[PDB]
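In the form deposited in one PDB entry, a lone chain appears below as structure tokens.
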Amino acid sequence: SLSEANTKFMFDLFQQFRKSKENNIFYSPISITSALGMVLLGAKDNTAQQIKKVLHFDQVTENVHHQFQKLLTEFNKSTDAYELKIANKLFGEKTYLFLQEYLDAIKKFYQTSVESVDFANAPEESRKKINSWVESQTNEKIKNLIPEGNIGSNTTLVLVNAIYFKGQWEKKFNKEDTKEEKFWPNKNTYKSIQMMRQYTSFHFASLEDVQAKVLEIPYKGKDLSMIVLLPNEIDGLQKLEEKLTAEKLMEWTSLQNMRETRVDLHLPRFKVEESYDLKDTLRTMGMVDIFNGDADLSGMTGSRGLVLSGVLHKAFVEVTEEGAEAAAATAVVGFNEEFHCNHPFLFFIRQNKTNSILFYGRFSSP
């Protein structure tokens, strides 16, 4: 199952991300999968086999690219209550020729469009053009995706994925009920925060065992939901993080294993913005040939010689009384019950029909 593969890669990412100093974590695993999927399509031999393993695409069954193409289709839908959109794009050096085969394949499986830019003579201005396209696909929430240092006059390829979601809560919060309260990042310390509050019935589950609770907060239309995992104890997050695997997430957070239940939901207004340099991270995870001289990306060009210089990700979420807005992008460069979220919690945004986790995060502090 592909949904499962993507969710496993999501946890493999999370364990790496835990090592940086940043308190909050927020990223789109699907955006990253999509960008690396476009790289895989042009990879060969061992270069390809390492990518497949990192993405868990070697564990999907029946061609994976076809299954991903079906997913991409589902992720482009707007109603009156929400917008979800995803796009893939290839920016190549103007004078540089890709295999028609490779172009047809990314067009077909990843809906990728192609734009030619002048990296050779204008690498800085090319950088800024890619960064603006990304703004343009993210309601301007992802700015400066690719910082200086990453594009040069020898750059021949930047593959980019952008994903954007904005949706209304099915049951909105009343701004009149929002109040300043303390948020405790640790047992013995606090920061002020605007706490939204409502009493309503939601699918709920108590996970007595990791000493946590789970809540589903639907978006209007119920195509998407935000799932939140709240440790029972102020300091219990570290255990929950150790025990939450893809298999456990799938069990605990399915409708099947939750129940409609009335909850004083207290959820803070919050905003998270984070950046990731993914090169060394993916290297650790198993993707080595692609970043060095062994690289085989001859499926892109017809011969070896292309190597990836970087992989960058940036992500944004904001939660308000009306709903939530979430965005991310990835660049690859080549050459009765209470649920009170007043201490750290995990959250994610899921597309319910496909069971896909589009965005995943940890809120540790305002």
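Numbers follow the displayed sequence, beginning with 1. For clarity, a rigid core is taken as the largest C-alpha set superposing within 1.5 Å between two forms.
Student: Zero if continuous, otherwise a range: how many residues of the deposited sequence are missing coordinates between residue 62 and residue 63 (none, 1 to 3, 4 to 9, 10 or more)?
Tutor: The entry leaves 10 or more residues without coordinates here.
Student: Can you count the deposited residues that have no coordinates between residue 335 and residue 336 and report it as none, 1 to 3, 4 to 9, or 10 or more?
Tutor: According to the record, 4 to 9 deposited residues lack coordinates from residue 335 to residue 336.
Student: Comparing 313 to 321 with 47 to 55, where is the mean C-alpha B-factor higher?
Tutor: 47 to 55 has the higher mean C-alpha B-factor.
Student: Which has the higher mean CA temperature factor in the PDB entry, 351 to 359 or 20 to 28?
Tutor: Taking the mean B-factor of the alpha carbons in each, 20 to 28 is higher.
Student: Would you mind checking which of 191, 85, 269, 197 has the top Cα temperature factor in the PDB entry?
Tutor: In the PDB entry, the greatest C-alpha B-factor among 191, 85, 269, 197 is found at 191.
Student: Going by the CA temperature factor in the entry, name the top one among 140, 223, 235, 274.
Tutor: Each of 140, 223, 235, 274 was compared by C-alpha B-factor; the highest is 235.
Student: C-alpha B factor of residue 330, ranked within the chain: lowest, middle or highest third?
Tutor: Tercile = lowest for this residue's CA B-factor.
Student: Hey, what third does residue 135 fall into on Cα B-factor, ranked over its chain?
Tutor: Bottom third by C-alpha B-factor.
Student: Lowest, middle or highest third: where is residue 37 by C-alpha B factor in its chain?
Tutor: Answer is lowest: the recorded C-alpha B-factor places it there.
Student: Could you tell me which third, lowest, middle or highest, the C-alpha B-factor of residue 111 occupies within its chain?
Tutor: Ranked within chain, residue 111 CA B lands in the lowest tercile.
Student: Taking the C-alpha B-factors as the PDB entry records them, is residue 7 in the lowest, middle or highest third of its chain?
Tutor: Within its chain, residue 7 is a lowest-third residue by C-alpha B-factor, going by the deposited values.
One more form of this protein exists, namely the form deposited in another entry; it is left out here, but the text below deals with it.
Student: Can you tell which residue in 146, 267, 217, 282 has its CA shifted by 2 Å or more between the shown form and the other one when the core is superposed?
Tutor: The one that shifts is 146.
Student: Using the core for the fit, does the CA position of residue 123 change by 2 Å or more between the shown form and the other one?
Tutor: Shift at residue 123: 2 Å or more after core fit.
Student: State yes or no: after fitting on the rigid core, is the Cα displacement of residue 88 between the shown form and the other one at least 2 Å?
Tutor: The answer is yes, as the C-alpha of residue 88 shifts between the shown form and the other one by 2 Å or more after core alignment.
Student: So that I can tell if residue 171 moves, could you say whether its C-alpha shifts by at least 2 Å between the shown form and the other one after the core superposition?
Tutor: No, because once the rigid core is superposed, the C-alpha of residue 171 moves less than 2 Å between the shown form and the other one.
Student: Have a look at residue 353 and residue 85: in the other form, are their Cα atoms closer together or farther apart than in this form, given the change is 3 Å or more?
Tutor: Compared with the shown chain, residue 353-residue 85 is farther in the other form.
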